[PDB]
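Structural overview
In case you want the letters, here they are:
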Amino acid sequence: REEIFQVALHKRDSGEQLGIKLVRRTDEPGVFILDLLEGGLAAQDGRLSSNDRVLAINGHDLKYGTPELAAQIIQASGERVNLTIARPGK
Amino acid sequence: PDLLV
């Protein structure tokens with residue numbers, strides 16, 4: 001997690017998916033972006049990338065979270081989904 | 001365990 005930043009996506013409709021595949025790693029805690037769905041909301045923004053850690057969604061702590069909790073926070077959110085990311089180094 | 005959000 002060598003860089004921490006926020007990326008805010010804007011759902012065009014109430015039920016719009018962000019197009020982020022969230023997976024957990026078996027070697028460390030946290031929720032991570034495995035891949036971005038081609039042409040999806042997050043992929044069109046381009047700010048997000050694979051191997052990013054989702055630290056929080058709309059201020060809701062996902063440090064020791066699960067991809068199901070992340071999905072529930074996005075479902076409960078309005079049109080703005082504010083992701084707080086921790087991108088590793090190189 | 002592994003969702004598309």
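As deposited, the entry is annotated with X-ray crystallography as its determination method and 3.197 Å as its resolution.

A short note on the pairing of strand β4 (residues 53-57) of chain A
All names here are of chain A. Most of β4 is tucked away, with five of its five residues classed as buried. In the sheet, β4 pairs with strand β6 (residues 80-87) via four bridges, with the strands oriented antiparallel. Paired with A56 across the strands is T84, a residue of β6. Note that β4 and strand β5 (residues 60-61) share two bridges and pair antiparallel. Following the sheet pairing, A56 is matched in β5 by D61.

Looking at unusual backbone geometry
Residues and elements named next belong to chain A. Unusually for a residue other than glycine, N51 sits at a positive phi of about 75°. Following the sequence through the fold, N51 ends up in the loop between α1 (41-45) and β4. We note that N58 has phi near 60°; this positive angle belongs to a residue other than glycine. Residue position: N58 is located in the loop between β4 and β5.

Reading the values: rules and limits
Residues numbered from 1 in each chain as written, not as in the entry; some residues may be left out. Chains lettered and ligands numbered in written order. Heavy atoms only, no water. Buried < 20%, exposed > 50% of the residue type's maximum accessible area, 1.4 Å probe, protein only. Helix = DSSP H or I, 4+ residues; strand = E, 2+ residues; numbered from the N terminus. Pairing = 2+ DSSP bridges.

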